[PDB]
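Reviewing the structure listed below.
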Ligand SMILES: C#Cc1c(F)ccc2cccc(-c3ncc4c(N5CCN(C(=O)CCO)CC5)nc(OC[C@@]56CCCN5C[C@H](F)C6)nc4c3F)c12
Ligand SMILES: Nc1nc2c(ncn2[C@@H]2O[C@H](COP(=O)(O)OP(=O)(O)O)[C@@H](O)[C@H]2O)c(=O)[nH]1
Ligand SMILES: [Mg+2]
């Protein structure tokens, strides 16, 4: 089948692991060990094509070695996650895009911006603000909830679609 290497990045506690496990195992996990970095795979049909998603749920220490660079560089698309009730996680997005562009050595990298925890009442990041930033980046923006599963498939499948477009260009 066709393989897609997805990488999930973003500040600690934005819901990277919860989103990944929601997509793979269809249930909400709270208090998942924040230090554990793992790859999860799933076979799915997206727009008529059988895909093998290979999803890197990033964690561990913030380290910039040639090795780590090389590892990140094998990612084909990046899910850039912030939490809508954490403004700092949103302003961290610039930094992750910067690192992704650096190791991919390109301004054109399949990416999707994700505003997670849209189930919460205490929003601090306007939907419109994230939409506009995403538009400046030239990428899709989706609001998700790993807790309720709202738009979780949308987010990941949108990234697959972006990688697919990149491959055909
Ligand atoms: C992420 C990422 C990343 C890419 F997306 C692309 C290429 C990369 C190349 C080298 C390194 C990274 C990368 N590594 C991890 C990273 C990481 N981790 C990993 C996961 N963490 C936890 O899960 C908490 C408990 O452990 C802690 C912080 N954190 C950051 O940014 C964190 C901040 C806060 C303090 C300073 N630092 C710079 C900004 F200000 C935000 N970047 C990472 C990075 F770019 C790349
Ligand atoms: N209400 C709500 N809480 C969430 C959501 N996603 C994650 N969380 C909680 O936020 C905390 C951090 O989630 P986690 O997936 O470990 O974040 P990570 O550090 O980015 O991997 C956990 O307690 C989760 O239960 C969400 O969509 N809604
Ligand atoms: Mg985690």
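For this deposited structure, the header notes the method as X-ray crystallography, 2.1 Å.
Positions of Cβ are set from backbone N, Cα and C atoms, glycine also.
In Swiss-Prot this protein carries:
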CARBOHYD  35  (Microbial infection) O-linked (Glc) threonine
MOD_RES   1  N-acetylmethionine
MOD_RES   2  N-acetylthreonine
MOD_RES   104  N6-acetyllysine
MOTIF     32-40  motif 'Effector region'
(Q) Let me check the 10 A CB neighbour count of residue 104 (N6-acetyllysine). How many other CB atoms are there? (A) 17
Q: Mind checking which of 2, 35 has the fewest other CB atoms within 10 A of its CB? They're the recorded positions.
A: 35
Q.
Looking at the modified residues listed here (1, 2, 104), whose Cα lies nearest to that of the residue listed as '(Microbial infection) O-linked (Glc) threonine'?
A. 104
Q: Tally every other Cβ atom lying within 10 Å of the Cβ atom of residue 1 (N-acetylmethionine).
A: 10
**Q.** Rounded Cα separation (Å) that holds between the residue listed as 'N-acetylmethionine' and the residue listed as 'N6-acetyllysine'
**A.** 24
Q) Which of the recorded positions 1, 2, 35, 104 have a Cβ less than 6 Å from any atom of ligand 1? A) 35
Q. Do you know the DSSP helix, strand and coil residue counts for the motif 'Effector region' (32-40)?
A. 0 helix, 3 strand, 6 coil
